[PDB]
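See below for the structure under consideration.
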Amino acid sequence: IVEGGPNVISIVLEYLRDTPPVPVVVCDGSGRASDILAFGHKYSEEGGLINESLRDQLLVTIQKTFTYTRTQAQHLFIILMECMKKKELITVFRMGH
Amino acid sequence: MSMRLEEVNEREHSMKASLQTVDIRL
């Protein structure tokens, strides 16, 4: 997954809980939702345990980068926590060889 | 210069994040 709109978060959830569950590698650098998946995966503890400072920080970057409503930004943070929880299937291609 | 540019890129990333958060606060 690269770049990717609001839809790719639910697509990551649909592929995270797949039959059987299958990995979702996300290449960062491009931006948009792949970068909030990456900025989760870097430092989100036990996946869905994004802490409170990140809560406000992630919700600022969602409500600013996606330009969506604040309720939708909180809701995509909850779907993000659902997807982030299974981060062992998530891999990030941090470019920079 | 390559390793010290890795300093400047990481440090300024915190500068861009703090400026964006201060814009939300004000």
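Just remember, in the structure tokens the first chain shown is A, the second B, etc., residues are 1-based per chain, and ligands are 1-based in the order shown.
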
* Could the residues of chain B within 10 Å of chain A, counting only C-alpha atoms, be given as a list in words, please? =>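 Per the criterion, chain B yields residues 17, 18, 20, 21 and 24 of chain B.
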
Go ahead and dump the residues you just picked, N, CA and C atoms, as an mmCIF file, in the first residue's frame.
data_model
loop_
_atom_site.group_PDB
_atom_site.id
_atom_site.type_symbol
_atom_site.label_atom_id
_atom_site.label_comp_id
_atom_site.auth_asym_id
_atom_site.auth_seq_id
_atom_site.Cartn_x
_atom_site.Cartn_y
_atom_site.Cartn_z
ATOM 1 N N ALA B 17 6.918 19.512 13.020
ATOM 2 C CA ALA B 17 5.839 18.947 13.824
ATOM 3 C C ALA B 17 5.430 19.898 14.944
ATOM 4 N N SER B 18 6.402 20.602 15.529
ATOM 5 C CA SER B 18 6.097 21.532 16.612
ATOM 6 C C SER B 18 5.428 22.795 16.082
ATOM 7 N N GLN B 20 3.467 22.835 13.405
ATOM 8 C CA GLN B 20 2.113 22.437 13.034
ATOM 9 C C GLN B 20 1.228 22.286 14.266
ATOM 10 N N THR B 21 1.805 21.811 15.372
ATOM 11 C CA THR B 21 1.042 21.663 16.608
ATOM 12 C C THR B 21 0.752 23.018 17.243
ATOM 13 N N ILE B 24 -2.186 24.578 15.554
ATOM 14 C CA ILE B 24 -3.453 24.052 16.055
ATOM 15 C C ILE B 24 -3.807 24.696 17.391
#

*as a list in words, please: all residues of chain A that backbone DSSP puts in strand (DSSP E).*
residues 24, 25, 26, 27, 90, 91, 92 and 93 of chain A

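Atom CA of residue A:6 lies 9.8 Å from atom CA of residue A:62.
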
Interatomic distance between atom CA of residue A:10 and atom CA of residue A:80?
->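 Separation of atom CA of residue A:10 and atom CA of residue A:80: 8.7 Å.
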
Report task. Just give me the gap between atom CA of residue A:3 and atom CA of residue A:84 in Å, one decimal is fine. Result ->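 Going from atom CA of residue A:3 over to atom CA of residue A:84 covers 16.6 Å.
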
Close residues, residue A:38 itself excluded, 8 Å, only C-alpha atoms, min 3 positions apart in chain, as an MDAnalysis selection string = chainID A and resid 26 28 34:35 41:42 92

Hey, can you spit out that residue selection with N, CA, C and O atoms as an mmCIF file, in the first residue's frame?
data_model
loop_
_atom_site.group_PDB
_atom_site.id
_atom_site.type_symbol
_atom_site.label_atom_id
_atom_site.label_comp_id
_atom_site.auth_asym_id
_atom_site.auth_seq_id
_atom_site.Cartn_x
_atom_site.Cartn_y
_atom_site.Cartn_z
ATOM 1 N N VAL A 26 3.468 -1.276 3.903
ATOM 2 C CA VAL A 26 3.150 0.079 3.480
ATOM 3 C C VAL A 26 4.462 0.828 3.246
ATOM 4 O O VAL A 26 5.346 0.886 4.111
ATOM 5 N N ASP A 28 6.308 4.202 2.933
ATOM 6 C CA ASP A 28 6.103 5.588 3.338
ATOM 7 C C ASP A 28 6.748 6.555 2.353
ATOM 8 O O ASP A 28 7.154 6.158 1.256
ATOM 9 N N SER A 34 -0.542 6.260 4.192
ATOM 10 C CA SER A 34 0.585 5.355 4.401
ATOM 11 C C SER A 34 1.558 5.945 5.416
ATOM 12 O O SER A 34 2.191 5.222 6.192
ATOM 13 N N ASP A 35 1.622 7.275 5.478
ATOM 14 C CA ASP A 35 2.479 7.912 6.468
ATOM 15 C C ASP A 35 1.858 7.918 7.861
ATOM 16 O O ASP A 35 2.594 7.915 8.850
ATOM 17 N N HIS A 41 3.245 2.826 13.210
ATOM 18 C CA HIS A 41 4.070 1.615 13.327
ATOM 19 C C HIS A 41 5.422 1.854 13.971
ATOM 20 O O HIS A 41 5.998 0.945 14.582
ATOM 21 N N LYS A 42 5.947 3.063 13.816
ATOM 22 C CA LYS A 42 7.206 3.435 14.439
ATOM 23 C C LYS A 42 7.118 3.351 15.964
ATOM 24 O O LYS A 42 7.956 2.710 16.609
ATOM 25 N N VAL A 92 7.060 -1.598 7.164
ATOM 26 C CA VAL A 92 7.265 -0.285 6.558
ATOM 27 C C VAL A 92 8.566 -0.281 5.757
ATOM 28 O O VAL A 92 9.605 -0.762 6.227
#

Name the residues in contact with stretch 65-79 of chain A at a cut-off of 8 Å, using only C-alpha atoms, excluding same-chain residues fewer than 6 positions from it; report them as a count of residues only.
-> 8

In terms of only C-alpha atoms, the residue from A:96, A:15, A:23, A:45 at minimal distance from residue B:6 is A:96
